[PDB]
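Here's the structure we're looking at; comments come further down.
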Amino acid sequence: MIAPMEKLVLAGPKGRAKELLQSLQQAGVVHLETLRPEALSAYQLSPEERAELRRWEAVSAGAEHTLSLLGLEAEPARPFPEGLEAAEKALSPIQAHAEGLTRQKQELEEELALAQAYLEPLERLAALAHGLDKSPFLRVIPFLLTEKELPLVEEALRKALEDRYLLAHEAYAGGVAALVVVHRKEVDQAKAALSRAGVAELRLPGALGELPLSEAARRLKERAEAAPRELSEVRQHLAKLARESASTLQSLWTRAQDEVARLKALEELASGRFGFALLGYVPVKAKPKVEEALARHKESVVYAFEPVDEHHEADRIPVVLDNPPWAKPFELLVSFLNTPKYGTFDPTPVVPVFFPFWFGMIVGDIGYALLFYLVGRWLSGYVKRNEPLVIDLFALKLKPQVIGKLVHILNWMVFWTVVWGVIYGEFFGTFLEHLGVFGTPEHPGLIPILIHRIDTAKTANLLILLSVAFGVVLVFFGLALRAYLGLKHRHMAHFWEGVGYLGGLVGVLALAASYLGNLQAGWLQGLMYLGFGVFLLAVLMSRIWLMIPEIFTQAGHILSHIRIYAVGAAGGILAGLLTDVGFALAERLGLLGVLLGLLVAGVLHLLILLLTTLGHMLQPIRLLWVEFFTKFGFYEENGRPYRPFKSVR
Amino acid sequence: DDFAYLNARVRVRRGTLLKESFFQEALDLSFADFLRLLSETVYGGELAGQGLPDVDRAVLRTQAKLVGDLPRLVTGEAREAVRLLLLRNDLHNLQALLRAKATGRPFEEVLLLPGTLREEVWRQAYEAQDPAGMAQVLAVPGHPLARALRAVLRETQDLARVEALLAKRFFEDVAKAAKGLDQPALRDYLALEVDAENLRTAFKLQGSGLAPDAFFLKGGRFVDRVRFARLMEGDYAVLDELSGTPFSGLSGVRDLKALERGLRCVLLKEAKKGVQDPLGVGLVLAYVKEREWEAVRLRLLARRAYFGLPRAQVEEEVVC
Amino acid sequence: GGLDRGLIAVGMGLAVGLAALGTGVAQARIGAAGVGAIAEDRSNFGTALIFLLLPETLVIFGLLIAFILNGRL
Amino acid sequence: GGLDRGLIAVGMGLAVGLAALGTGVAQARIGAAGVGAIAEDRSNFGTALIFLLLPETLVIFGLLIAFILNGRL
Amino acid sequence: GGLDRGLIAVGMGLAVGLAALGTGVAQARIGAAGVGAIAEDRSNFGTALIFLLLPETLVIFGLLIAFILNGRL
Amino acid sequence: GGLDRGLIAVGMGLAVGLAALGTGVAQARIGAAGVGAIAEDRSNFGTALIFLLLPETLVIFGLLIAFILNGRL
Amino acid sequence: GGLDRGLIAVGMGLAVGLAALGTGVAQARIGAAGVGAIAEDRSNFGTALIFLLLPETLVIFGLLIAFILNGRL
Amino acid sequence: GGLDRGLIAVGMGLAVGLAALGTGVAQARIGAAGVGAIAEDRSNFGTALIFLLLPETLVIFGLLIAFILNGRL
Amino acid sequence: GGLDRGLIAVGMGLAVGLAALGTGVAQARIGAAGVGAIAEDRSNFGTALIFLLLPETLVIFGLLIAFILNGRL
Amino acid sequence: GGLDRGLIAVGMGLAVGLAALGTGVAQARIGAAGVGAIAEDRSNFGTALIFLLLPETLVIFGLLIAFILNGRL
Amino acid sequence: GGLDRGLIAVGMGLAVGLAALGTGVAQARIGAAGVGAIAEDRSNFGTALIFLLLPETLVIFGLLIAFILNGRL
Amino acid sequence: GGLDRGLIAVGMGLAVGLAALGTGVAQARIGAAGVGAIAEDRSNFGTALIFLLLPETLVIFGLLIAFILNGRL
Amino acid sequence: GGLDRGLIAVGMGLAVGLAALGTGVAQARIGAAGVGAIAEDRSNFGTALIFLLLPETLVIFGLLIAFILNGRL
Amino acid sequence: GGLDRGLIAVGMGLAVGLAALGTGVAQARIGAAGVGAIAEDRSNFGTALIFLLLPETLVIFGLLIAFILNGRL
């Protein structure tokens with residue numbers, strides 16, 4: 001349940017408080033309140049403190065950036081045990097080396113890309129420009145164009161002086177190797193005209209379009225030749241540097257983040273002349289974790305562990321789940337919705353009780369359960385190796401903690417999902433249709449397939465009755481808890497609404513079980529009249545004009561529990577039919593392609609399992625989180641998370 | 001998400017408009033006459049005092065009140081379509097914040113023009129320690145600004161390269177998004193806007209030697225890469241070649257001012273042709289564009305009447 | 001009387017009902033647009049009503065067919 | 001036989017149901033527009049009511065045909 | 001007689017009803033656009049009415065087949 | 001007898017169902033506009049509610065006809 | 001005849017009705033777009049009518065089948 | 001018996017099903033608008049449900065007709 | 001047979017009518033897009049009709065099947 | 001046996017199916033809106049699910065009527 | 001003879017008609033997209049025609065089934 | 001014997017089919033919005049699937065009644 | 001050899017027809033999006049083809065069931 | 001077989017066809033969004049398929065019910 005907590009009040013010398021905060025941060029939990037409006041100073045940081053914060057922030061930023069450049073991860077590690085100056089003097093060389101290596105790698109890679117971008121055009125241009133690279137009147141101009149539509153530019157060329165500067169594709173089969181060489185700027189005017197008529201200029205960026213043709217091509221080829229070795233050396237040096245500096249960089253990152261957190265926290269204190277004070281909240285069970293640290297304060301600070309506020313106007317009080325080991329691994333399935341207000345109930349324990357049993361009722365195939373056990377074996381082995389489950393396809397980053405929690409949940413599910421299966425036959429699908437170890441009065445076996453689910457006409461009434469019964473239980477418990485919480489928080493309107501809802505539902509259920517069910521309503525007429533009267537009395541005495549439509553909606557939420565029976569029956573019937581067809585095809589037909597029949601049955605069962613397990617798992621939790629939690633409040637008021645103070649890594 | 005619900009309200013609001021007589025009668029009045037007439041009109045609801053700053057602030061506030069309510073009061077695909085009408089102010093505010101962060105100026109100096117996002121989001125985005133964090137703070141479910149910021153974020157950090165690629169990618173992404181929904185008029189207006197923006201950018205970068213392909217935008221239909229290269233490289237007859245396209249009157253013009261006036265007239269006409277879909281987005285487009293033109297003309301006439309410019313220099317700006 | 005009369009009644013009902021559904025389908029969009037225009041200016045109601053009252057032809061013709069069937073049955 | 005009045009009933013049922021569907025199909029748009037206009041200016045409600053009350057003239061005919069068919073039952 | 005007359009009547013009613021539904025569906029959007037145009041410019045009164053009254057041919061054809069069948073029965 | 005009651009029951013059921021469908025079709029758009037206007041400003045709640053309730057007169061008319069037929073049963 | 005005649009009439013009514021619905025479904029959108037274009041530029045009226053009257057071929061193709069079936073009476 | 005039972009069953013089933021479809025059709029739009037408004041501001045969750053629940057009367061009436069039919073059966 | 005002819009009539013009518021509805025559904029959107037492009041540039045009026053008459057093979061096949069059936073009568 | 005049970009089974013199937021389609025139509029739009037709001041802010045999943053799973057009451061009531069019919073048969 | 005021939009005919013008719021409606025429904029949107037893309041860039045007609053002529057497999061399969069039924073007849 | 005088995009088969013088919021159509025109708029829009037959001041950010045791949053597999057309850061809640069009838073046959 | 005040989009045909013026809021209608025309703029949006037993307041870039045034609053020709057699985061399954069029933073006949 | 005062997009086929013067809021229609025209506029919008037996103041980035045093909053191919057469950061269930069009925073008759 002939502003853990004009880006108390007406001008720790010503490011105060012001391014304005015100088016000793018800078019180390020008291022360090023001790024508390026290196027200690028356990030405390031959610032620090034803002035504390036500033038206390039008829040006292042807002043404890044604003046000193047100018048040298050502000051400068052210290054900036055230096056540490058720079059250290060953190062540089063460490064993160066250098067780690068990213070080296071490719072290493074940002075995960076914490078052992079702290080950096082150095083001052084600000086030492087940390088800066090350690091981070092500077094690595095940052096410098098990484099910057100230089102990155103610049104060198106970018107230069108080498110860009111040079112390689114540029115050289116390979118125009119290799120064949122450069123070869124063709126070197127071929128054509130064998131005698132007009134440097135000319136007095138005018139120089140040859142290259143033209144890298146598309147396929148040999150060169151007549152398009154030759155139109156404007158012939159409109160100009162065709163008596164010189166003939167252009168055609170000679171090499172570079174990737175395109176037309178165009179270029180023109182002529183005296184005077186008549187070639188330039190022809191180049192403009194050919195651009196108008198369709199032509200492009202081969203002025204590649206850099207030395208390619210800015211140096212003499214042959215020498216530039218030779219330099220480009222030399223750069224393309226030498227770039228491999230430089231790139232390899234740069235990559236090797238960068239990788240080695242990263243491998244050497246990763247641990248130090250992580251230590252620096254942890255130290256910097258811790259120090260910056262401590263400073264920004266120091267900005268939250270209350271203050272006065274020679275004094276500092278705090279007013280954070282800590283869980284009542286966690287008291288010795290703070291006390292065994294804040295006992296050794298320099299002045300032996302006040303450390304007044306004062307009470308919680310009551311439920312009276314304490315919505316700012318932090319909340320944490322505080323559940324026993326049985327229920328905690330299942331808290332993942334319930335944390336994703338709104339947090340509790342403060343004094344309102346925690347639904348965490350209900351789920352481990354009521355979800356796996358419902359799931360086992362939903363799925364009963366012994367073979368499917370064995371398959372689930374094997375999958376759990378794989379996942380648990382992977383978690384045991386501590387290697388996180390990375391599945392990039394669906395963006396899965398399951399850390400080992402989540403893997404372990406899910407493994408525990410799956411084991412507790414498989415227990416009931418096999419027990420209820422063996423309590424209803426349907427082993428490995430419909431294996432009794434080939435060998436009836438489970439059996440029934442149509443063909444008796446080694447053991448009774450009690451409450452057979454395949455035979456719809458027999459057990460349907462029983463299963464539907466059981467489903468609606470469990471639903472009535474859950475909805476009644478939810479309404480009761482709402483009534484109790486409305487009484488405790490002294491919400492008379494809430495208590496009246498809850499009582500009226502329960503009474504009206506009882507009255508409707510009584511009238512229903514009389515009319516729509518069996519006869520002999522002698523012991524039920526009084527209950528029905530009482531329920532209707534209670535509903536009317538509560539509505540009148542609460543004046544909320546609560547919708548009898550809302551009562552009907554609650555009735556629907558009660559009736560919705562039949563979904564368990566429905567889904568279970570559909571899954572069982574489909575699996576049984578598939579297994580029967582497979583057994584028939586394999587043994588009853590041919591009897592030599594038994595391998596083919598078994599393979600077909602296995603493939604069909606596997607496909608059905610893969611396409612239906614998601615809904616099978618989702619339906620129980622849907623019922624829980626849509627009906628019970630909605631009834632018990634638990635989707636309003638939103639709460640306040642219990643953020644502790646610091647202690648990273 | 002019912003266009004009829006929005007369109008009836010927009011019809012009432014467009015019925016609350018200032019006639020061409022207001023623009024013609026103020027066209028020969030002093031700043032005090034423009035103030036008194038403005039105060040008597042609905043545009044003078046929030047007109048506080050006197051002076052060009054007061055006129056400008058009042059125009060901004062009235063326009064925000066009566067045109068900034070469009071993305072709210074409508075949801076679903078109706079919202080997803082009407083949101084790609086009023087996005088230029090958001091683009092400008094994000095660009096201004098990016099430039100201020102890049103240079104180093106305080107986040108309390110920018111103007112923070114009223115747009116489609118949240119003002120608190122704009123303020124908090126400046127304090128983001130990474131451009132990715134700024135994008136996330138500015139991220140919305142389906143904002144083209146957020147999508148384009150993510151796209152440009154795959155190119156560079158907070159630099160001029162990111163600043164330019166962001167504008168180019170936002171224009172292209174708005175074009176694509178408008179093409180990705182089945183609204184007859186929105187696709188046409190967005191395509192005409194893309195073509196006009198490409199032509200105006202080509203004219204602005206005239207003689208700069210920049211690569212026409214690299215400066216080009218895609219999405220329009222009244223221009224091509226060849227025409228972009230021609231116009232950028234100085235062939236001021238390319239604008240004479242684009243005849244037949246909706247932007248055909250811009251043949252023989254070679255000045256930036258004339259080109260801007262022509263493109264404004266063409267786009268205003270195309271947006272005023274959207275009044276033919278009374279139960280579509282077209283009436284919304286007509287109301288928005290007419291409101292913007294009214295604001296521009298009002299501000300120009302009020303500045304002329306305030307700073308004492310001559311009549312002949314402003315009358316040519318109320319042509320459309 | 002008889003199955004003949006019963007089937008005739010079913011037919012008459014189907015005709016009148018389908019005609020009314022068609023007239024309604026038209027009047028929906030026509031009324032929405034006319035409401036918008038009259039909101040923009042009340043001066044155009046002489047066109048809005050004069051355009052929304054036209055689709056009564058569908059239901060009137062359906063009523064004619066139904067009354068003819070009633071007479072014959 | 002008894003199929004006479006049985007089918008005569010389904011006829012009036014189809015008539016009334018289809019007329020109500022049509023009036024509802026009109027009243028959706030012709031009322032959403034009126035709600036918008038009333039929100040923009042409360043003085044638009046007066047015309048909005050006359051706009052949303054006209055589409056009753058189809059259900060007010062389907063009822064008449066159903067009444068006649070019931071009368072002949 | 002009996003089933004013959006009843007089924008003929010049902011056929012006639014269905015034919016007329018479905019034709020009227022088609023006419024109404026077309027007239028909806030056509031009249032919406034016309035109401036818009038006539039609000040934009042008073043000179044569109046002729047063109048809008050001429051475009052909207054055109055799809056009544058569906059109703060004419062449906063009622064013609066209905067009258068022929070009624071004469072047959 | 002045989003069909004003489006069952007077909008009347010079917011007629012009543014179809015009538016109620018189609019009239020409820022019509023009233024829901026109306027209520028969808030008229031409810032959406034009401035919710036939007038109220039969320040924008042809480043001053044239009046009364047007019048928004050009256051514009052929601054009026055088209056329920058379609059389902060009120062439809063259930064009267066079904067009751068009349070059932071009483072005839 | 002008595003048995004085949006009614007089913008023939010039902011088939012004819014179904015054919016005519018479905019073809020009229022198809023023609024209305026086509027003529028709604030094409031007629032709306034045409035009104036819009038003609039309002040934008042009065043030099044497209046010919047292209048509007050030469051598009052709008054095109055799918056009226058569907059109702060003629062259906063009414064031919066109806067006439068053939070009625071001839072087989 | 002015989003048909004007199006099955007026809008009443010079909011009538012009841014059709015009535016309940018069509019009322020459910022009507023309620024669903026209205027609830028889609030009303031609930032979408034309410035979800036949008038509540039996500040805009042959490043102070044509208046009153047007038048969200050206080051209007052999203054009103055269309056349930058259109059299913060209550062259908063359930064009442066179903067109960068009356070089951071009583072007479 | 002007495003009923004074979006009538007059921008053949010119903011089958012032929014259903015085939016022709018459903019084909020006419022399918023062709024009408026395609027030709028609505030295709031013609032709308034076409035009557036846009038040919039208003040934006042009159043050179044598009046060659047591609048528009050060449051796309052708008054393309055789908056009528058559906059109605060052609062439907063009439064072929066219906067003619068085969070009505071021949072086998 | 002025979003029709004006496006078949007025409008109850010058909011009614012139960014119709015009730016269940018129509019309720020299911022009604023719930024699906026009600027849930028599509030609300031589900032889309034909820035997905036949008038949850039994507040915008042992951043703190044609205046509570047209201048999103050509460051509004052999305054509400055219309056299952058329709059399918060619940062339909063299944064109740066189906067089970068009552070199956071009991072009556 | 002008997003009614004087997006007529007029932008087989010109705011089955012073939014429904015098969016061809018429903019497949020035709022499916023092909024038309026696909027072709028509407030596919031053709032609108034094609035008539036946009038080719039009008040924007042006339043080079044893409046060679047692909048737009050393919051993507052608007054692919055939905056003919058529906059009618060091909062429907063006619064195959066109808067031909068099998070006719071051959072059985 | 002009798003038509004009991006056939007009518008039970010028809011009821012089962014109608015229930016399963018209508019439930020499948022409803023589940024598809026909801027899953028369409030839900031999955032579209034989910035695909036869009038997951039494309040925008042590949043971290044909502046959980047919430048998208050969670051809110052998309054929820055509507056599949058209608059298919060199972062129909063197949064239940066279908067299997068009950070199959071047992072009773 | 002009674003009506004069974006005909007009801008089998010009606011079932012086969014309905015199966016193939018509705019399967020084709022579903023495949024068409026899918027291919028509409030799938031192919032419109034595919035055409036848009038291929039017009040944006042001619043490279044994506046392979047993905048467009050895969051997405052547009054995937055939903056033929058439903059039609060193939062429908063033809064499989066129809067052939068099973070026909071071969072049983 | 002008599003009426004049983006006949007109407008069992010009608011049930012099987014009405015199941016498979018309606019399931020196919022549901023699967024198509026579900027897969028349409030999802031496939032459109034998937035094609036759009038895959039065009040936006042040529043890496044999300046897996047995440048697009050993992051939501052386009054999920055709604056095949058409805059068609060699989062339809063085929064299951066159909067095969068069960070075929071085995072039972």
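So you can find residues: chains in the structure tokens are A, B, ... in the order shown, residues in each start at 1, and ligands are numbered from 1 in order.
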Excluding same-chain residues fewer than 4 positions from residue 1 in chain L, what lies within 10 Å of it counting only C-alpha atoms, as a list in words?
residues 1 and 2 of chain J; 5 of chain L; 2, 3 and 4 of chain N
Env of residue 10 in chain E: 12 Å cut, atoms = only C-alpha atoms, seq-sep filter 4 positions within chain, self excluded. Answer as a PyMOL selection string.
(chain C and resi 4-16+65-66+69) or (chain D and resi 7+11) or (chain E and resi 3-6+14-17+66+69-70+73) or (chain G and resi 5-14)
Tell me, as a VMD selection string, which residues lie within 10 Å of residue 39 in chain D, counting only C-alpha atoms; anything in the same chain fewer than 2 positions away does not count.
(chain B and resid 8 to 9) or (chain D and resid 33 to 37 41 to 45) or (chain F and resid 33 to 34 36 to 38 40 to 41 43 to 45 47 to 48)
Provide as a ChimeraX atom specification the residues of chain B at most 8 Å from chain C, counting only C-alpha atoms.
/B:4,7-9,11-15,278-279
For CA of residue 345 in chain A and CA of residue 315 in chain A, determine how far apart the two atoms are, in Å to one decimal place.
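Taking CA of residue 345 in chain A as the start and CA of residue 315 in chain A as the end point, the length is 13.9 Å.
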Considering only C-alpha atoms, return as a PyMOL selection string whatever protein or nucleic-acid residues lie within 7 Å of range 528-531 of chain A, sequence-local ones (same chain, fewer than 5 positions apart) excluded.
chain A and resi 503-504+506-508+510-511
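Put simply, CA of residue 28 in chain J is 24.9 Å away from CA of residue 610 in chain A.
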Where does range 21-73 of chain L meet range 56-62 of chain J within 12 Å, residue by residue, with the nearest atom pair and distance in Å to one decimal for each, counting only C-alpha atoms, listed by chain and rising number, as a Markdown table?
```
| residue | atom | partner | partner_atom | distance |
| --- | --- | --- | --- | --- |
| L:22 | CA | J:59 | CA | 10.9 |
| L:23 | CA | J:59 | CA | 11.8 |
| L:54 | CA | J:56 | CA | 11.2 |
| L:55 | CA | J:56 | CA | 9.7 |
| L:56 | CA | J:56 | CA | 11.9 |
| L:57 | CA | J:56 | CA | 9.6 |
| L:58 | CA | J:59 | CA | 7.9 |
| L:59 | CA | J:59 | CA | 11.2 |
| L:60 | CA | J:59 | CA | 11.6 |
| L:61 | CA | J:59 | CA | 8.3 |
| L:62 | CA | J:59 | CA | 9.5 |
| L:65 | CA | J:62 | CA | 11.1 |
```
Restrict the selected residues to N, CA, C and O atoms and save them as a PDB file, in the first residue's frame.
```pdb
ATOM      1  N   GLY L  22     -17.941  -5.780 -37.569  1.00  0.00           N
ATOM      2  CA  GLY L  22     -17.784  -4.759 -36.543  1.00  0.00           C
ATOM      3  C   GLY L  22     -16.358  -4.654 -36.029  1.00  0.00           C
ATOM      4  O   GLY L  22     -15.824  -3.547 -35.851  1.00  0.00           O
ATOM      5  N   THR L  23     -15.721  -5.800 -35.778  1.00  0.00           N
ATOM      6  CA  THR L  23     -14.334  -5.779 -35.328  1.00  0.00           C
ATOM      7  C   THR L  23     -13.439  -5.131 -36.369  1.00  0.00           C
ATOM      8  O   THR L  23     -12.544  -4.349 -36.027  1.00  0.00           O
ATOM      9  N   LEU L  54      -7.351  -4.426 -28.516  1.00  0.00           N
ATOM     10  CA  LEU L  54      -8.544  -4.387 -27.674  1.00  0.00           C
ATOM     11  C   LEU L  54      -9.852  -4.572 -28.435  1.00  0.00           C
ATOM     12  O   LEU L  54     -10.726  -5.292 -27.924  1.00  0.00           O
ATOM     13  N   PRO L  55     -10.076  -3.962 -29.606  1.00  0.00           N
ATOM     14  CA  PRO L  55     -11.372  -4.142 -30.277  1.00  0.00           C
ATOM     15  C   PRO L  55     -11.671  -5.571 -30.694  1.00  0.00           C
ATOM     16  O   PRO L  55     -12.840  -5.884 -30.947  1.00  0.00           O
ATOM     17  N   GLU L  56     -10.674  -6.454 -30.761  1.00  0.00           N
ATOM     18  CA  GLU L  56     -10.903  -7.807 -31.250  1.00  0.00           C
ATOM     19  C   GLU L  56     -11.810  -8.626 -30.343  1.00  0.00           C
ATOM     20  O   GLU L  56     -11.989  -9.820 -30.596  1.00  0.00           O
ATOM     21  N   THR L  57     -12.370  -8.029 -29.292  1.00  0.00           N
ATOM     22  CA  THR L  57     -13.264  -8.770 -28.411  1.00  0.00           C
ATOM     23  C   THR L  57     -14.588  -9.098 -29.085  1.00  0.00           C
ATOM     24  O   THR L  57     -15.226 -10.093 -28.731  1.00  0.00           O
ATOM     25  N   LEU L  58     -15.031  -8.268 -30.031  1.00  0.00           N
ATOM     26  CA  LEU L  58     -16.338  -8.479 -30.644  1.00  0.00           C
ATOM     27  C   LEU L  58     -16.387  -9.769 -31.454  1.00  0.00           C
ATOM     28  O   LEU L  58     -17.409 -10.465 -31.451  1.00  0.00           O
ATOM     29  N   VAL L  59     -15.301 -10.111 -32.146  1.00  0.00           N
ATOM     30  CA  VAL L  59     -15.280 -11.346 -32.923  1.00  0.00           C
ATOM     31  C   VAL L  59     -15.477 -12.550 -32.012  1.00  0.00           C
ATOM     32  O   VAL L  59     -16.246 -13.464 -32.325  1.00  0.00           O
ATOM     33  N   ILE L  60     -14.786 -12.570 -30.873  1.00  0.00           N
ATOM     34  CA  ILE L  60     -14.928 -13.685 -29.941  1.00  0.00           C
ATOM     35  C   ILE L  60     -16.317 -13.686 -29.308  1.00  0.00           C
ATOM     36  O   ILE L  60     -16.940 -14.743 -29.148  1.00  0.00           O
ATOM     37  N   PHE L  61     -16.825 -12.507 -28.940  1.00  0.00           N
ATOM     38  CA  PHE L  61     -18.148 -12.416 -28.335  1.00  0.00           C
ATOM     39  C   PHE L  61     -19.264 -12.735 -29.317  1.00  0.00           C
ATOM     40  O   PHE L  61     -20.413 -12.879 -28.894  1.00  0.00           O
ATOM     41  N   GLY L  62     -18.966 -12.811 -30.608  1.00  0.00           N
ATOM     42  CA  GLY L  62     -19.929 -13.338 -31.556  1.00  0.00           C
ATOM     43  C   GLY L  62     -19.744 -14.824 -31.791  1.00  0.00           C
ATOM     44  O   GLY L  62     -20.717 -15.586 -31.861  1.00  0.00           O
ATOM     45  N   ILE L  65     -21.721 -17.120 -29.322  1.00  0.00           N
ATOM     46  CA  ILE L  65     -23.102 -17.458 -29.651  1.00  0.00           C
ATOM     47  C   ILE L  65     -23.139 -18.392 -30.851  1.00  0.00           C
ATOM     48  O   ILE L  65     -23.974 -19.303 -30.926  1.00  0.00           O
TER      49      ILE L  65
END
```
